[PDB]
Amino acid sequence: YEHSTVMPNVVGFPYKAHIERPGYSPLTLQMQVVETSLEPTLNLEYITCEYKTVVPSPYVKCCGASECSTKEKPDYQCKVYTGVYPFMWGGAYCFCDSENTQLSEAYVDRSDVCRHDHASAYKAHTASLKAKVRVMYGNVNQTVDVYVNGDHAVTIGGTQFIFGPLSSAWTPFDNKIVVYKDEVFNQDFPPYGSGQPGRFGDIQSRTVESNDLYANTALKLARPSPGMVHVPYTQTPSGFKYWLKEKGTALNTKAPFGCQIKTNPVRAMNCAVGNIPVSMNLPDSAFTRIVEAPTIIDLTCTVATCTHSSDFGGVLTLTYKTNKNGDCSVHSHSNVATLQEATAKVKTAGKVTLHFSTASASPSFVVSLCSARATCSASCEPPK
């Protein structure tokens, strides 16, 4: 049988399907979601941390020129200054006046603490939805994990279940995100190779261990005024350390729809968004049909006690007669009240106690038992 309902995406909401059939009633089906997990597929774009700026000993040569070479270090510079340390009192003990030269150079390395303290910038791509639904119909209190796409399928009690594509494509994560510690940020970080100086991503490395590193910190060599052999410069201080003030508006601060943003896998637990279309292929054996099912007669419904708007304040009992013992499927045909249970062990005695929830002073509602039905009423007030 091709049963198909559309339940709501909300944790701890007990759904009840009951779309009927010739032959016999639809074994009242209970199912509710235990947890959501909206997880986006990430591409680690790069790593950034603060930088350790590196400056070799300068190379001086009296009465003779130095020539700069290309080097493949990050943010690498070298300039050959001329006329730097005039005479021997000029600061290098050189003979010539102008004709002395200094090759000055520098480059940026990954901080000495980058493995401990750093961030990851991800491309967060189309997210897969994962549930942990507990299904209940007949004799199964079995629970299950399943992708809430239109594709994946699970057997439960020999019944196929497919929890369809979510009715909403919403996500709290943007096209680009950034993770630091246990927090995540929606952030348009600069791409690898184009990080700009003094702001986030000034240094970029594919991974942390990755040996390669793109740096742009406006590292600017300067001319050594006569005084001592040295190598001065004008860099821009890390944008990582700068960004640790612009880190703040984290997603886990704001929980739209009760989302819980958790760290190690980037995700959104128990987000209450949208409906879950469900579809299932029940075999005929899953039903307990009427020629085989027990006939009950003289079905009546008394209510012992009841509370206004509690979790399950109601306490009703059903008197009846049946030809033999079996397994019925109780269910209310009036939204004004709902039953804690959806099945009951019908004995020969003629007495089945049920518990139910409501939110009315004087409700009237049609309770069924197997194929039989009856009407129930009571007076109900709330506690302090």
# chains A, B, ... in the order shown; residues from 1 in each chain; ligands from 1
$ residues_around --residues "residue A:347" --least-positions-apart "3" --cutoff "12 Å" --atoms "only C-alpha atoms" --output "number ranges by chain"
A: 294-296, 318-328, 344, 350-353
$ write_last_selection --atoms "C-alpha atoms" --output "CSV table (one decimal), in the first residue's frame"
chain,number,residue,atom,x,y,z
A,294,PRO,CA,-11.8,-8.9,16.3
A,295,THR,CA,-15.3,-7.5,16.1
A,296,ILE,CA,-16.2,-5.3,19.1
A,318,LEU,CA,-14.0,2.1,27.0
A,319,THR,CA,-16.6,-0.7,27.8
A,320,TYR,CA,-17.3,-3.1,25.0
A,321,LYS,CA,-17.8,-6.8,24.0
A,322,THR,CA,-15.4,-8.7,21.7
A,323,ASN,CA,-15.4,-12.3,20.3
A,324,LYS,CA,-11.7,-12.8,21.1
A,325,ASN,CA,-8.4,-11.1,22.1
A,326,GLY,CA,-6.5,-9.0,19.6
A,327,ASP,CA,-4.6,-5.8,18.9
A,328,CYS,CA,-6.7,-2.6,18.1
A,344,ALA,CA,-4.4,-1.1,22.8
A,350,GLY,CA,-14.4,-5.4,28.1
A,351,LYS,CA,-12.3,-2.6,29.6
A,352,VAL,CA,-9.6,-0.5,27.9
A,353,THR,CA,-8.2,2.5,29.7
$ residues_around --residues "residue A:79" --least-positions-apart "3" --cutoff "7 Å" --atoms "only C-alpha atoms" --output "list in words"
residues 68, 103, 104 and 105 of chain A
$ write_last_selection --atoms "N, CA and C atoms" --output "mmCIF file, in the first residue's frame"
data_model
loop_
_atom_site.group_PDB
_atom_site.id
_atom_site.type_symbol
_atom_site.label_atom_id
_atom_site.label_comp_id
_atom_site.auth_asym_id
_atom_site.auth_seq_id
_atom_site.Cartn_x
_atom_site.Cartn_y
_atom_site.Cartn_z
ATOM 1 N N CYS A 68 70.223 41.682 -6.491
ATOM 2 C CA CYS A 68 69.061 40.959 -5.977
ATOM 3 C C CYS A 68 68.649 39.827 -6.917
ATOM 4 N N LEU A 103 72.627 44.811 0.307
ATOM 5 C CA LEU A 103 71.451 44.051 -0.135
ATOM 6 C C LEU A 103 70.568 43.760 1.074
ATOM 7 N N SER A 104 69.390 44.371 1.107
ATOM 8 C CA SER A 104 68.472 44.249 2.234
ATOM 9 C C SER A 104 67.306 43.366 1.802
ATOM 10 N N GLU A 105 66.848 42.458 2.663
ATOM 11 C CA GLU A 105 65.756 41.536 2.288
ATOM 12 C C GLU A 105 64.904 41.052 3.464
#
$ select_by_dssp --residues "stretch 11-104 of chain A" --states "strand (DSSP E)" --output "PDB file with C-alpha atoms, in the first residue's frame"
ATOM      1  CA  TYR A  15       2.747  12.758  14.259  1.00  0.00           C
ATOM      2  CA  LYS A  16      -0.273  10.490  13.672  1.00  0.00           C
ATOM      3  CA  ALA A  17      -1.165   9.116  10.221  1.00  0.00           C
ATOM      4  CA  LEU A  29       1.175   5.174  12.633  1.00  0.00           C
ATOM      5  CA  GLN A  30       3.247   7.268  15.071  1.00  0.00           C
ATOM      6  CA  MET A  31       6.494   8.992  14.099  1.00  0.00           C
ATOM      7  CA  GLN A  32       8.462  11.981  15.435  1.00  0.00           C
ATOM      8  CA  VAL A  33      11.902  13.446  14.798  1.00  0.00           C
ATOM      9  CA  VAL A  34      14.493  13.065  17.592  1.00  0.00           C
ATOM     10  CA  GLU A  35      17.075  15.354  15.995  1.00  0.00           C
ATOM     11  CA  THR A  36      17.700  17.427  12.869  1.00  0.00           C
ATOM     12  CA  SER A  37      21.212  18.018  11.517  1.00  0.00           C
ATOM     13  CA  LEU A  38      21.613  20.526   8.687  1.00  0.00           C
ATOM     14  CA  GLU A  39      25.201  19.958   7.509  1.00  0.00           C
ATOM     15  CA  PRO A  40      26.660  21.918   4.562  1.00  0.00           C
ATOM     16  CA  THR A  41      29.329  20.370   2.295  1.00  0.00           C
ATOM     17  CA  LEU A  42      32.505  22.407   2.832  1.00  0.00           C
ATOM     18  CA  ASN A  43      35.610  23.169   0.778  1.00  0.00           C
ATOM     19  CA  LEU A  44      38.490  24.299   2.986  1.00  0.00           C
ATOM     20  CA  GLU A  45      39.605  27.333   1.018  1.00  0.00           C
ATOM     21  CA  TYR A  46      42.509  28.310   3.316  1.00  0.00           C
ATOM     22  CA  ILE A  47      43.948  28.991   6.769  1.00  0.00           C
ATOM     23  CA  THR A  48      44.895  32.317   8.296  1.00  0.00           C
ATOM     24  CA  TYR A  51      52.464  36.184  10.982  1.00  0.00           C
ATOM     25  CA  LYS A  52      56.095  35.882  12.027  1.00  0.00           C
ATOM     26  CA  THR A  53      57.959  38.424   9.893  1.00  0.00           C
ATOM     27  CA  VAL A  54      61.467  37.263   8.970  1.00  0.00           C
ATOM     28  CA  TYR A  59      74.678  41.603   3.118  1.00  0.00           C
ATOM     29  CA  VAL A  60      77.083  44.574   2.917  1.00  0.00           C
ATOM     30  CA  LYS A  61      79.952  45.042   0.446  1.00  0.00           C
ATOM     31  CA  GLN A  77      61.447  41.521  -0.868  1.00  0.00           C
ATOM     32  CA  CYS A  78      65.016  42.514  -1.515  1.00  0.00           C
ATOM     33  CA  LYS A  79      66.414  45.883  -2.546  1.00  0.00           C
ATOM     34  CA  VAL A  80      70.098  46.725  -3.013  1.00  0.00           C
ATOM     35  CA  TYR A  81      70.749  50.133  -1.473  1.00  0.00           C
ATOM     36  CA  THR A  82      73.762  52.230  -2.628  1.00  0.00           C
ATOM     37  CA  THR A 101      76.251  48.663  -1.095  1.00  0.00           C
ATOM     38  CA  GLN A 102      73.801  46.769   1.126  1.00  0.00           C
ATOM     39  CA  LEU A 103      71.451  44.051  -0.135  1.00  0.00           C
ATOM     40  CA  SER A 104      68.472  44.249   2.234  1.00  0.00           C
TER      41      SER A 104
END
$ residues_around --residues "residue A:166" --least-positions-apart "4" --cutoff "9 Å" --atoms "only C-alpha atoms" --output "list in words"
residues 9, 129, 148, 149, 150, 273, 274, 275, 276 and 277 of chain A
$ write_last_selection --atoms "N, CA and C atoms" --output "compact mmCIF listing (two decimals), in the first residue's frame"
# COMPACT_ATOMS: atom_id res chain seq x y z
N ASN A 9 8.51 19.47 10.46
CA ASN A 9 9.88 19.32 10.93
C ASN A 9 10.07 19.98 12.29
N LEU A 129 20.26 17.20 4.45
CA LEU A 129 19.52 17.16 5.71
C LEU A 129 19.45 15.74 6.27
N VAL A 148 16.96 13.28 4.67
CA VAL A 148 15.67 13.86 4.31
C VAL A 148 15.76 14.48 2.90
N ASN A 149 16.16 13.65 1.94
CA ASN A 149 16.13 13.97 0.52
C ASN A 149 15.01 13.17 -0.14
N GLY A 150 14.82 13.33 -1.44
CA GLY A 150 13.79 12.57 -2.15
C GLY A 150 14.21 11.17 -2.57
N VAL A 273 12.41 23.93 10.88
CA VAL A 273 12.05 24.56 9.61
C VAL A 273 11.42 23.58 8.61
N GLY A 274 10.22 23.91 8.14
CA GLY A 274 9.61 23.22 7.00
C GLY A 274 8.91 21.92 7.32
N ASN A 275 8.31 21.33 6.29
CA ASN A 275 7.63 20.04 6.39
C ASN A 275 8.47 18.92 5.80
N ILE A 276 8.24 17.70 6.27
CA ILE A 276 8.88 16.51 5.73
C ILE A 276 7.82 15.69 5.01
N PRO A 277 7.81 15.73 3.67
CA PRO A 277 6.94 14.80 2.95
C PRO A 277 7.45 13.39 3.15
$ atom_distance --atom1 "atom CA of residue A:338" --atom2 "atom CA of residue A:362"
14.5 Å
$ select_by_dssp --residues "stretch 129-361 of chain A" --states "helix (DSSP H, G or I)" --output "list in words"
residues 239, 240, 241, 242, 243, 244, 245, 246, 251, 252, 253, 256, 257, 258, 284, 285 and 286 of chain A
$ closest_residue --among "A:172, A:337, A:376, A:234" --to "residue A:222" --atoms "only C-alpha atoms"
A:234
